[PDB]
2 protein chains.
Amino acid sequence: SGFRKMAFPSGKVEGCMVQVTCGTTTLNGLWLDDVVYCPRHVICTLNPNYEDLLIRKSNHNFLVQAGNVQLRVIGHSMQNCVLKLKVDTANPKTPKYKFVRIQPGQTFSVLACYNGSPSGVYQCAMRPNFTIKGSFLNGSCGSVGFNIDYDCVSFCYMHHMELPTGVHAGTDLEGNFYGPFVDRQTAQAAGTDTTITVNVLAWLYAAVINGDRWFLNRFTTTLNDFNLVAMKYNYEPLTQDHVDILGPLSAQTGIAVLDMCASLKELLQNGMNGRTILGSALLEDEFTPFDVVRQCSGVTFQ
Amino acid sequence: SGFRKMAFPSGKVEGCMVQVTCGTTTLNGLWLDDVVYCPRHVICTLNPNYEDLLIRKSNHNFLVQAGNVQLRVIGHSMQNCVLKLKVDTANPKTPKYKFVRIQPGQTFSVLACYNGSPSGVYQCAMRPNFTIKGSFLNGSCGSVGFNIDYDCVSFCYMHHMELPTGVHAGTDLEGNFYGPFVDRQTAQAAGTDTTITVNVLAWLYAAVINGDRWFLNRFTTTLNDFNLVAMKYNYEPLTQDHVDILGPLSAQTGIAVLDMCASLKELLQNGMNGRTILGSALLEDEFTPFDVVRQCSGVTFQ
Ligand SMILES: *[C@](O)(C(=O)NCC)[C@H](C[C@@H]1CCNC1=O)NC(=O)[C@@H]1[C@@H]2[C@H](CN1C(=O)[C@@H](NC(=O)NC(C)(C)C)C(C)(C)C)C2(C)C
Ligand SMILES: *[C@](O)(C(=O)NCC)[C@H](C[C@@H]1CCNC1=O)NC(=O)[C@@H]1[C@@H]2[C@H](CN1C(=O)[C@@H](NC(=O)NC(C)(C)C)C(C)(C)C)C2(C)C
């Protein structure tokens with residue numbers, strides 16, 4: 001038992017991290033097969049026109065270091081906000097992998113990197129407003145977020161920028177930003193965030209699986225009446241699809257999803273009254289139903 | 001910016017995990033050079049006498065799987081509560097490494113494993129009562145906790161058992177339990193835990209580095225008067241050694257350690273009043289001064 005914010009084992013991704021240097025800019029790249037992926041703002045020279053900027057580059061302007069081994073760029077292209085550098089060497093540590101664009105509410109592990117070297121790994125959620133509350137300093141651009149399914153690394157995030165609120169914005173691995181953000185230094189605001197309701201419910205189920213039951217009650221609620229209270233507390237609407245996803249957890253604990261909603265409603269209306277759930281004095285919303293099941297049942301990855 | 005419970009990149013340890021099977025018992029082992037380390041209760045047959053139990057084993061009773069490759073045991077010995085299996089093959093992925101017995105208050109990353117396969121990684125502290133609040137299911141015995149310094153993996157923990165409170169107990173990699181625990185099914189109680197004061201202070205400094213300042217005040221306190229309030233709230237005593245360790249953070253933020261103690265005192269006496277610090281509504285104590293500096297300055301590992 002116990003319940004922790006668990007990241008995926010990061011080794012498969014560590015083997016893909018490289019340093020990309022061009023001009024005075026150094027950041028991280030992702031080396032899969034013979035392509036290095038990195039944020040396009042690595043290129044030389046607000047309101048830049050990256051097409052103009054890139055047509056002016058030569059391959060030899062791109063310094064790619066994989067450890068103490070320089071990789072030479074034999075080609076380059078831009079795909080949305082990512083730059084793709086063709087190199088003459090296929091990464092021998094390339095895992096089996098996919099690129100996935102995730103939905104808000106979904107979680108992933110971030111391998112924070114500086115100068116191509118991994119610094120740490122932690123678990124993130126994509127917020128409803130398409131930011132992530134990460135931990136990123138200058139030099140971390142190009143660090144990636146990922147999930148692992150059996151043996152396959154699903155890359156879903158690459159880091160680009162920090163918003164004035166101290167939260168983070170980036171792209172999928174095909175260079176499309178999550179949310180309304182653009183990779184230029186112009187005024188941009190995240191958007192009002194909301195709490196991921198289905199995830200809070202998943203985490204209450206984790207608490208029950210783990211022996212916290214104090215927040216349960218005998219009441220029930222209608223999805224309709226629950227969502228009325230949710231909106232008042234800035235919670236995302238709970239859909240029937242969410243209820244269905246919460247099915248496996250509801251069945252393992254014997255607590256009807258709608259009964260768990262009654263508990264959450266009472267927790268929203270009354271607060272926690274100096275008590276904690278799973279070591280937290282806040283309602284935690286960065287565990288998906290899948291996260292809870294994986295950690296409470298012990299799924300591994302080969 | 002941002003501040004997250006960050007684990008070390010786990011790849012160097014992932015390459016060392018193996019499955020050890022003996023009789024009907026399967027758990028994880030740690031393969032470094034030509035030795036596999038695992039908990040000694042993997043052996044056949046409360047109040048067992050493991051010396052008697054082990055003299056009755058043969059090498060061929062030990063099934064060690066490294067992936068889809070069986071390793072054959074050519075020797076075995078017991079060192080405290082760990083079993084050491086000599087195998088005929090040196091692990092080619094053996095990182096540079098050390099075994100370290102850590103002090104309570106120190107943090108480490110845990111690579112949770114089942115059947116030799118990594119499940120996830122998360123950050124833990126050794127509690128003052130020498131338990132860890134982990135996330136461990138049946139099959140996780142032999143998963144290890146570690147820190148990484150530059151290129152060196154410092155192994156500090158191997159998992160053995162769960163206590164009735166849902167917390168965890170284990171050994172260093174030389175098989176010595178942390179705390180008063182023994183690897184037999186007899187009544188054992190953890191001991192009253194306390195909050196790691198120097199770590200809470202480190203985390204308040206992380207909050208300041210990151211732009212939370214609301215909890216600061218103009219007051220100061222004496223170490224003596226602080227510790228009187230700490231004891232009342234079940235906090236560990238703060239020593240002058242702790243104050244010195246907090247020096248670098250105090251200097252970078254310009255807040256005297258003893259001034260930060262005044263803030264903590266006021267936070268203990270008044271609570272947080274519905275406010276949060278670094279996303280938490282509790283005073284967080286599983287970040288060391290070193291953790292804070294590493295994450296707020298971007299140290300990496302090659
Ligand atoms: C990233 O480029 C990097 O690490 N590069 C190494 C040289 C860096 C990561 C940032 C730095 C601090 N925390 C992070 O996550 N990203 C950028 O520098 C990014 C690049 C420039 C400006 N960038 C920012 O993140 C800036 N933020 C904004 O300007 N934000 C708004 C106002 C446009 C929304 C800051 C101010 C943090 C440098 C571009 C967006 C292309
Ligand atoms: C570990 O042996 C394992 O994973 N083995 C694979 C077959 C297992 C890990 C435990 C299981 C649940 N959570 C965990 O961390 N450890 C044990 O089974 C351990 C071994 C037996 C009994 N063990 C326990 O952890 C037991 N706890 C106690 O008996 N605790 C007290 C009362 C002695 C303090 C439980 C009840 C959890 C099985 C020995 C201690 C040798």
Side-chain angles (χ1 to χ4, degrees), chain A residues 1-2 19-28 38-43 45-48 50 53 81 110 112-115 131-132 134-143 158-171 177 179-190 298, chain B residues 1-2 19-28 38-43 45-48 50 53 81 110 112-115 131-132 134-143 158-171 177 179-190 298:
Chain A
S1 69
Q19 193 181 225
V20 179
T21 288
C22 195
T24 71
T25 306
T26 287
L27 44 71
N28 305 282
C38 74
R40 68 174 179 174
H41 72 241
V42 76
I43 53 195
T45 315
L46 176 136
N47 194 357
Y50 295 90
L53 292 192
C81 300
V110 166
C113 293
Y114 300 89
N115 300 103
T131 68
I132 68 160
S135 175
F136 287 120
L137 314 163
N138 201 200
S140 64
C141 285
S143 307
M158 159 184 290
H159 185 54
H160 291 246
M161 59 187 311
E162 193 175 285
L163 304 178
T165 45
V167 300
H168 299 105
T171 67
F177 264 91
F181 308 115
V182 292
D183 56 348
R184 36 185 279 232
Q185 312 209 45
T186 188
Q188 297 174 69
Chain B
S1 69
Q19 193 181 225
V20 179
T21 288
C22 195
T24 71
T25 306
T26 287
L27 44 71
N28 305 282
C38 74
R40 68 174 179 174
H41 72 241
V42 76
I43 53 195
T45 315
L46 176 136
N47 194 357
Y50 295 90
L53 292 192
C81 300
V110 166
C113 293
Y114 300 89
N115 300 103
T131 68
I132 68 160
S135 175
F136 287 120
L137 314 163
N138 201 200
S140 64
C141 285
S143 307
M158 159 184 290
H159 185 54
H160 291 246
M161 59 187 311
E162 193 175 285
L163 304 178
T165 45
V167 300
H168 299 105
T171 67
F177 264 91
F181 308 115
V182 292
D183 56 348
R184 36 185 279 232
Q185 312 209 45
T186 188
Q188 297 174 69

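The chains referred to below are lettered A, B, ... by the order of the sequence lines, with proteins before strands, and numbering in each begins at 1. Note that ligands are numbered from 1 as they come in the structure, with each ligand's atoms numbered from 1 the same way.
- Those atoms of ligand 1 that come under 4.0 Å of a heavy atom in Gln188(A), given as number and element, are 33 (C), 34 (C).
- When only non-hydrogen protein atoms are considered, atom 12 (C) of ligand 2 lies nearest to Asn138(B) N, 3.8 Å.
- Close contacts of ligand 2 with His168(B), meaning ligand atoms under 4.0 Å from a residue heavy atom, involve 15 (O).
- Ranking protein heavy atoms by distance to atom 32 (C) of ligand 1, first place goes to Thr186(A) O, 3.6 Å.
- Checking side-chain atoms of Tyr114(A) against main-chain N and O of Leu137(A) turns up a donor-acceptor pair under 3.5 Å.
- Here the side chain of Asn28(A) pairs a donor or acceptor atom with the backbone of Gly139(A) at under 3.5 angstrom.
- Of the protein's heavy atoms, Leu163(B) CD2, 3.6 Å lies nearest to atom 34 (C) of ligand 2.
- Taking the six-membered ring where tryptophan is involved, the planes of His168(B) and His159(B) are perpendicular, since the angle between them exceeds 60° and thus also 30°.
- Set against the non-hydrogen atoms of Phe136(A), the atoms of ligand 1 under 4.0 Å away are 13 (N), 15 (O).
- Residues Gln188(A) and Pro180(A) fail the side-chain proximity criterion, which asks for heavy atoms closer than 4.5 Å.
- A distance of 12.0 Å separates NE2 of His41(B) from SG of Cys22(B), quoted to the nearest 0.5 Å.
- In terms of polar-atom proximity, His41(B) is counted as a contact of ligand 2, with an N or O under 3.5 Å from an N or O of the ligand.
- Every N/O-N/O distance between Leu27(A) and ligand 1 stays at or above 3.5 Å.
- The CE atom of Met161(B) sits 7.5 Å away from the CD atom of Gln185(B) when rounded to the nearest 0.5 Å.
- Across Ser135(A) and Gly2(B), no two heavy atoms sit closer than the pair OG-O, 3.3 Å.
- Those atoms of ligand 1 that come under 4.0 Å of a heavy atom in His159(A), given as number and element, are 14 (C), 15 (O).
- Closest to atom 17 (C) of ligand 2 among all protein heavy atoms lies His160(B) O, 3.5 Å.
- Using modelled atom types, no side-chain atom of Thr131(B) and backbone atom of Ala169(B) make a donor-acceptor pair closer than 3.5 Å.
- A donor-acceptor contact closer than 3.5 angstrom is absent between the side chains of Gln19(B) and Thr26(B).
- Shown here, atom 40 (C) of ligand 2 is in close reach of the protein: a heavy atom of it lies under 4.0 Å off.
- Annotation: the span from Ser143(B) atom OG to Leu27(B) atom CG amounts to 9.0 Å, rounded to 0.5 Å.
- Considering both main-chain and side-chain atoms, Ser140(A) comes within under 3.5 Å of ligand 1 through a nitrogen or oxygen pair.
- For atom 36 (C) of ligand 1, the nearest protein heavy atom lies 4.0 Å away or farther.
- Atom 5 (N) of ligand 2 is flagged as protein-proximal [any protein heavy atom, distance under 4.0 Å].
- Atom 30 (N) of ligand 2 has its closest protein heavy atom at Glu162(B) O, 3.2 Å.
- Between atom 9 (C) of ligand 1 and the options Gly170(A), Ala169(A), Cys141(A), the minimum heavy-atom separation is to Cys141(A).
- Atom CG of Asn115(A) and atom OG of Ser140(A) lie 11.0 Å apart (nearest 0.5 Å).
- Atoms of ligand 1 found under 4.0 Å from any heavy atom of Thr26(A), numbered from 1 in the order shown, are 6 (C), 7 (C).
- Considering each of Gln185(B), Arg184(B), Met161(B), the one bringing a non-hydrogen atom nearest atom 21 (C) of ligand 2 is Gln185(B).
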